[PDB]
Structures are given as structure tokens and as C-alpha cells.
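Computation of the quantities below employed the complete heavy-atom set of this structure, encompassing side-chain atoms and omitting hydrogens, waters and symmetry-equivalent molecules. Residue numbering restarts at 1 for every chain, and letters A, B, ... go by the order of the sequence lines.
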Amino acid sequence: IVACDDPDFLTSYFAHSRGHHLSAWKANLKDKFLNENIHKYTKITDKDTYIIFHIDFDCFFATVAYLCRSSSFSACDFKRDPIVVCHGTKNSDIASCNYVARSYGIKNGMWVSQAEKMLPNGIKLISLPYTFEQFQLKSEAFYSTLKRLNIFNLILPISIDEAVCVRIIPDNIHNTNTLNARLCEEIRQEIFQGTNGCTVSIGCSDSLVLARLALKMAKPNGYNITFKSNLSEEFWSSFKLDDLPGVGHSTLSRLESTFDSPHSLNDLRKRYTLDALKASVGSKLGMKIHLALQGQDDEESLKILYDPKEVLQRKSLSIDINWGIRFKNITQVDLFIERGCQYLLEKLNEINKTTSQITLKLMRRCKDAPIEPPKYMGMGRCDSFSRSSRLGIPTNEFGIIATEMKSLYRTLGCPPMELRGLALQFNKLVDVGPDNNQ
DNA sequence: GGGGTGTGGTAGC
DNA sequence: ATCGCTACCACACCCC
Ligand SMILES: Nc1ccn([C@H]2C[C@H](O)[C@@H](COP(=O)(O)OP(=O)(O)OP(=O)(O)O)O2)c(=O)n1
Ligand SMILES: [Mn+2]
Ligand SMILES: [Mn+2]
Ligand SMILES: [Mn+2]
Ligand SMILES: [Mn+2]
């Protein structure tokens, strides 16, 4: 048990934070792509016809945590009991629930108390601990399998549990659905054996947006092949609005009142005009949502195939800590700001870059929000503020960066005990070259 | 036109 | 108890 003002707080919070493990796994996957394909150039051109295999583990954490469960859960049955991965018993986020749990309508992200209340009496929720190293190991088996199979020209990290895999079809050869239906089976089986029992689902299409939607139609433990020539009302009607890329809870809300509450992608499909759509959710987002409702990708999304190196290169670096923030005085806020900058400088140095620009974001307790929110150590309800500072010459100096960071907090005006959350960023990054003379 | 900003949206949760 | 993390783009304005 470690308070925010203990020198050890950052290391411990990161050791238990599944969100931190997720972002770091993500980040390490993107660097290994940039080292593996440093002199390879098997990227996607417009001269290429390609198919997208979008591959993802079914209830990833839930599965790995069950497969590696301690002897205390030996009798747990993974297709018979609702299983969640979580820290706690009340206001603890469910990082992953199995599909037994999803029948009762439990979702990823809910709290244990909120998922328990949806089970009928006589049904027990099972809560497995996080198994972070096993998550990492299993993922490694997944990416090793994909590359070993020798059937993709580009393998794109999406996640600890996801990749977009591109196969180029030479125009001599002729692709068919039984050929496709059957790479899927090879992939699913090979990953199953390699992961010692984890299952993946695959969506397969001539577009990223259709492979994403197909992947969702395929889950659990299955695969869906849906090309643009296969589109039907039956397809669109099997999706809700935020199933679509580019649609989070706010865009979703905006669409639901500009178009008389569409309930399936088919509804939205038949009721929308491009121009009312732009005016409702924003023009660029609206042109992507319009493209997506036809199965076609956007130019912003296609870049990941044409220059995946430029897309997956890290253009900023940052930490976020919005849990357990309870400082009493400014001296403690500064020391923790200092310990954050040193951690970020460690990351900046491992990648041999400087930063031109930093940013501090913070969360401040809303004036009438309780000082302790329902969630233990939660941020509670907060307004956020941020400020940025452009540094003269790019640097990796702790003196300069930490001092400007503490000044950006001194400037935002937030009393130490109203602090509930901190974010520390390095924005513009420069590679350190061989010349360093003025 | 270019450059900047803080806020807010999506994505991967 | 409980561990609410990162990275990118879009936008509405301001500057020269
Ligand atoms: N709100 C969330 C969503 C996901 N995760 C973690 C746990 C997941 O196991 C992992 C992968 O995310 P996915 O979106 O792929 O969800 P799942 O793999 O758990 O289930 P599925 O993809 O079959 O729907 O990310 C989390 O911690 N909090
Ligand atoms: Mn998954
Ligand atoms: Mn996933
Ligand atoms: Mn959505
Ligand atoms: Mn997901």
C-alpha cells in the first residue's frame, strides 16, 4: 500500500494499472515494427490489390487469466460461469468478461458491483486476478504465429491482442472465398495451438472498416468474410451505431437526435444525407462516417497501409495518473511532477530523442463534487485544464523540463488538495543526430 | 496562406 | 478498497 507522495507511487501504480501495461505493450509493439522493417519496404501501393485480415483474441484477459488461474479457481468452468478480470469487489473496472458474462449483458469496462446486479440469483460472478506477464507471453505467441505463417505482406500492431494483417493478391493469381475461408481457419487453429488454448476471431474484407465490422460479427471464436460486393441490409442491420469506427459516445449521441434515433447501421444507412451528417458530427468525421457506411476507408485511415512506418513512429510521449491523487501541499505536487519528468526522460532517452514542447494536463475536483468519489481513490467528477510551453532549443535536460513543468502547474492555478489527476507530456520530438555543434 | 493555442473527439481501452 | 492509461487528429479561434 503506497500513497501518491511516496517515492514508490509511480512504479506501483504502473505495476497494477492494466491501462499502463496496455499502452506500454502498444508502444513496444510499434518500436519493434520500426526495427524489424527498417530495411524492408513491403508496404502497400495503389498498384496492389489487397485483403485485410483483422485478427483479435476473444475476451483476451479473461481467457489468459482463466488458462493460468491459480489452484484456488481450479474448478472454474470457462464456458459455464461468468468470469471477469478485475482487482476488486465493488467499484473495480471489469477489464475483461467472458461471453458467459456477456449473455447477462455485462460489458467490458463495467464495475463489479454493476455486473453482479445483472446476474439472477443462484449465479455467481467469478473474478480472476490480472496475469500481466501471461498476457505479454500469450501475445508474443500470437505475433510469432502470424509472422511464421508467411502469408501476410504487412502485419500491423493494433493492440496487445489485435493486428491488422494485409495479404497482397498478385493479379495473376485469383482470390476466392474458400481460399479466404480457409486462411482464417489456418490462422485460428495455429494461434489456438500456439497460445495453448486462446481463441481469435477474424474479419476478412477488402477494406479496414469492413474487416473491423466483420470481425465484430465473427465474435466469439469465429470468422466472417465480407467484401464490398457482399454488402447487404442483413449485414448493416446486425450492427449498432457505435459499432462503426469514428463513433464514440458523443458522436453516437449527436447522430441519435439528428436522425430520429437509428437503432442499426441499416437505419442510419437509409436515413442519412452526407450534408446533414457533416452538420451533425463535424465535416471530416462526417465524411469518414459516410465512407464507412459504404464499406470504403478514409484517406486518414489508408495511411497506415501506405506509410505504416510514418504512422507508427511515436510523435509524442506522456504519462497519465488520475487515480490516487491526494496531495496536501505544493511541495508534494512538485516532487511527484519531478518524479514523473524523470520517468518520462528515461523513456525519452531510451529512444534517443529530445523534446521541443511540453504540456501539463490536470483534473480539478468540481466545486460541488464530493472530496472522495464513489470509486476508492478515484478522480471523481472533474473539470480538466492544460497548458503547454515551447522550449527554446530541444532538450533532454531534467533541469529545464522539470522546471518548466512545475511552472505550468504553478500557472494553472489548482490548489494542491483540489488536484485529482495529472498528465505530463513531451510533444514535439527530434531525433538526436551525429552533429551536435551549436 | 502559414504558424500557434487549449479543448474535445476518436482510437487502442 | 483499488491501481480511471497513452497517441493521434479535428476544431474554433487567435497571430502575422
Ligand atoms: N473497457 C476495457 C476494454 C478492454 N480492456 C482490456 C482488457 C481486454 O482483454 C483487452 C483487449 O481489449 P478488447 O477490446 O479486444 O476486448 P476483449 O479481448 O476482452 O473481448 P472481445 O475483443 O472478444 O470483444 O483490453 C480493459 O482493460 N478495459
Ligand atoms: Mn479482443
Ligand atoms: Mn482488441
Ligand atoms: Mn463506437
Ligand atoms: Mn476493442
Visitor: Could you tell me whether A:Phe73 and A:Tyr66 have their ring centroids closer than 6.0 angstrom?
Guide: no
Visitor: Select base, sugar-phosphate, or nothing to describe what A:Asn91 touches, counting heavy atoms under 4.0 Å on all strands.
Guide: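 If one applies the 4.0 Å heavy-atom cut-off, A:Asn91 turns out to touch the sugar-phosphate alone, with no base involved.
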Visitor: Using a heavy-atom cut-off of under 4.0 Å over every strand shown, decide if A:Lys375 touches base, sugar-phosphate, or nothing.
Guide: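 The answer is base, as A:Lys375 lies within the cut-off (heavy atoms under 4.0 Å) of a base atom.
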Visitor: Under 4.0 Å between any heavy atoms, over every strand shown, what does A:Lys26 touch: base, sugar-phosphate, or nothing? Just pick one.
Guide: base
Visitor: Would you indicate what A:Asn322 reaches in the nucleic acid, counting non-hydrogen atoms under 4.0 angstrom: base, sugar-phosphate, or nothing?
Guide: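 Here A:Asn322 touches the bases of the nucleic acid.
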Visitor: State which of B:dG4, B:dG12, B:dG9 makes the closest approach to the side chain of A:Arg390.
Guide: B:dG4
Visitor: Check every nucleotide of DNA chain C for an atom under 4.0 Å from a heavy-atom of chain A, then give the first and the last such nucleotide from 5' to 3'.
Guide: C:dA1 to C:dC11
Visitor: What is the distance, rounded to the nearest whole Å, between atom CG of A:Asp243 and atom P of B:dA11?
Guide: 10 Å
Visitor: Strictly by Watson-Crick or wobble contacts shorter than 3.5 Å, is anything paired with B:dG2, and which nucleotide is it?
Guide: C:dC15
Visitor: Given atom CZ of A:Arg212 and atom P of B:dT10, what is their separation to the nearest angstrom?
Guide: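 Taking atom P of B:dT10 as the reference, CZ of A:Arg212 is at 15 Å.
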Visitor: Output yes when at least one side-chain N/O atom of A:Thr251 is less than 4.0 Å from OP1 or OP2 of B:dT10, else no.
Guide: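 For B:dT10, OP1 or OP2 has a side-chain N or O of A:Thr251 closer than 4.0 Å.
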Visitor: Between B:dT5 atom P and A:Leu412 atom CG, what is the distance in whole Å?
Guide: 14 Å
Visitor: What is the distance from CD1 of A:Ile289 to P of B:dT10, rounded to the nearest Å?
Guide: 9 Å
Visitor: Heavy atoms under 4.0 Å, any strand shown: does A:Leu244 hit a base, just sugar-phosphate, or nothing?
Guide: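 Sugar-phosphate contact only - A:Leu244 comes under 4.0 Å of backbone atoms but never of a base.
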Visitor: Label B:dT10 north or south, basing it on the sign of the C1'-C2'-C3'-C4' dihedral.
Guide: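 North, since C1'-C2'-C3'-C4' is positive for B:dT10.
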Visitor: Tell me, yes or no, whether the heavy-atom count around A:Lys428 atom NZ, taken from other residues, nucleotides or ligands under 6.0 Å, exceeds 12.
Guide: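 No.
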Visitor: Please list residues of residues 326-362 of chain A whose heavy atoms come under 4.0 Å from any atom in DNA chain B, ordered by number; otherwise none.
Guide: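 Heavy-atom cutoff 4.0 Å gives A:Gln357, A:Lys361.
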Visitor: Does a salt bridge link A:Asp334 with A:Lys406, judged by any charged N lying under 4.0 Å from a carboxylate O?
Guide: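 Judged by the 4.0 Å cut-off on N to carboxylate O distance, A:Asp334 and A:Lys406 do not form a salt bridge.
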Visitor: Determine whether a donor-acceptor pair (N or O, by modelled atom type, separation under 3.5 Å) exists between the side chain of A:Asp242 and the backbone of A:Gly248.
Guide: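 It does not hold such a pair.
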Visitor: Write down the distance between CD (A:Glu162) and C1' (B:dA11), rounded to a whole number of angstrom.
Guide: 10 Å
Visitor: If you count heavy atoms of other groups shown closer than 6.0 angstrom to NZ of A:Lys278, is the number above 12?
Guide: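 Buried by this count: over 12 neighbours within 6.0 Å.
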Visitor: Specify the separation, in whole Å, of atom CZ of A:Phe132 and atom P of B:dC13.
Guide: 15 Å
Visitor: Please give the distance between the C1' atoms of B:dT10 and C:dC3 as a whole number of Å.
Guide: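 Between the two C1' atoms, the distance is 25 Å.
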Visitor: What does A:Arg420 touch in the nucleic acid at a heavy-atom separation under 4.0 angstrom: a base, only the sugar-phosphate, or nothing?
Guide: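 No contact.
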Visitor: Mind checking if A:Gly380 touches a base, just sugar-phosphate, or nothing, with heavy atoms under 4.0 Å?
Guide: base
Visitor: Just to be sure I understand the rule, does A:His87 reach a base, reach only the sugar-phosphate, or reach nothing, if contact means heavy atoms closer than 4.0 Å?
Guide: base
Visitor: How would you label the contact of A:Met379 with the nucleic acid (heavy atoms, under 4.0 Å): base, sugar-phosphate, or nothing?
Guide: base
Visitor: Please check: side-chain N/O of A:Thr199 versus main-chain N/O of A:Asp58, any donor-acceptor pairing under 3.5 Å?
Guide: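 Checking the backbone N and O of A:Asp58 against the side chain of A:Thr199, no donor-acceptor pair under 3.5 Å is found.
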Visitor: Under 4.0 Å from OP1 or OP2 of B:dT10: is there any side-chain N or O of A:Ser250 that close?
Guide: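 True: A:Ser250 side-chain N/O within range (under 4.0 Å) of B:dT10 OP1/OP2.
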Visitor: North (positive) or south (negative) by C1'-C2'-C3'-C4': which describes C:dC13?
Guide: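 Here the torsion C1'-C2'-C3'-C4' comes out positive, placing C:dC13 north.
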Visitor: For A:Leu285, report the nucleic acid contact type (base, sugar-phosphate, nothing); a contact means any heavy atom under 4.0 Å.
Guide: nothing
Visitor: Which value, in whole Å, describes the distance between the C1' atoms of nucleotides B:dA11 and C:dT2?
Guide: 26 Å
Visitor: Have a look at A:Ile160 and say if it touches a base, only the backbone sugar-phosphate, or nothing, with a 4.0 Å heavy-atom cut-off.
Guide: nothing
Visitor: Tell me yes or no: between the side chains of A:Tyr272 and A:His290, is some donor less than 3.5 Å from an acceptor?
Guide: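 Indeed, the side chains of A:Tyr272 and A:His290 share at least one donor-acceptor pair under 3.5 Å.
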Visitor: Which part of the nucleic acid does A:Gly324 contact within heavy-atom distance under 4.0 Å: base, sugar-phosphate only, or nothing?
Guide: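 If one applies the 4.0 Å heavy-atom cut-off, A:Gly324 turns out to touch nothing in the nucleic acid.
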Visitor: In terms of side-chain heavy atoms, does A:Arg390 have a donor or acceptor partner in A:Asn427 at a distance below 3.5 Å?
Guide: no
Visitor: Considering heavy-atom distances to DNA chain C, does A:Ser92 or A:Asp320 have its closest nucleotide positioned more toward the 5' end?
Guide: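 By nearest-heavy-atom nucleotide position, the 5'-most residue is A:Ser92.
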Visitor: So, do A:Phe135 and A:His21 have ring centers that fall under 6.0 Å from each other?
Guide: no
Visitor: Based on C1'-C2'-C3'-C4', put the sugar of C:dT6 on the north side (positive) or the south side (negative).
Guide: south
Visitor: Quick one: A:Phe135 CZ to B:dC13 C1', roughly how many Å, whole number?
Guide: 13 Å
Visitor: Between A:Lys147 and A:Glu36, does any side-chain N to carboxylate O distance fall below 4.0 Å?
Guide: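 No, A:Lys147 and A:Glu36 are not salt-bridged.
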Visitor: Rounding to the closest angstrom, what is the interatomic distance between B:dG2 and C:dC11 at atom P?
Guide: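 My reading of the P atoms in B:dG2 and C:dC11 gives 15 Å.
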Visitor: Hunt down the Watson-Crick or G-U wobble partner of C:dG4, both distances under 3.5 Å, from any strand shown, or write none.
Guide: none
Visitor: Label B:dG4 north or south, basing it on the sign of the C1'-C2'-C3'-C4' dihedral.
Guide: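 Here the torsion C1'-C2'-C3'-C4' comes out positive, placing B:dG4 north.
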Visitor: When the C1' atoms of B:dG9 and B:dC13 are compared, how many Å lie between them, rounded to an integer?
Guide: 15 Å
Visitor: Could you tell me whether the side chains of A:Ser388 and A:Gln357 share a donor-acceptor contact shorter than 3.5 Å?
Guide: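 Judged by distance alone, the side chains do pair up.
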Visitor: Which part of the nucleic acid, if any, lies within contact of A:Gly248, taking any heavy atom under 4.0 Å across all strands shown: a base, the sugar-phosphate backbone alone, or nothing?
Guide: sugar-phosphate
Visitor: Distance check, P atoms only: B:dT5 and C:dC9, in whole angstrom units.
Guide: 16 Å
Visitor: Nearest nucleotide by nearest heavy atom, which residue falls closer to the 5' end of DNA chain C, A:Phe9 or A:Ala24?
Guide: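 Looking at DNA chain C, the more 5' nearest nucleotide goes with A:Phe9.
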Visitor: Is A:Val247 touching bases, backbone alone, or none of the nucleic acid, heavy atoms closer than 4.0 Å?
Guide: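 Contact class for A:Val247: sugar-phosphate only.
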Visitor: Give the ring-plane orientation class for A:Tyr130 versus A:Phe61, where under 30° counts as parallel, over 60° as perpendicular and anything between as tilted.
Guide: perpendicular
Visitor: Verify whether one side chain among A:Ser389 and A:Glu404 offers a donor that lies under 3.5 Å from an acceptor in the other.
Guide: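 Result is yes, a qualifying pair exists.
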Visitor: How close or far is atom P of B:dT10 from atom NZ of A:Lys288, stated in whole angstroms?
Guide: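 The distance from NZ of A:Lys288 to P of B:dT10 comes to 12 Å, rounded to the nearest Å.
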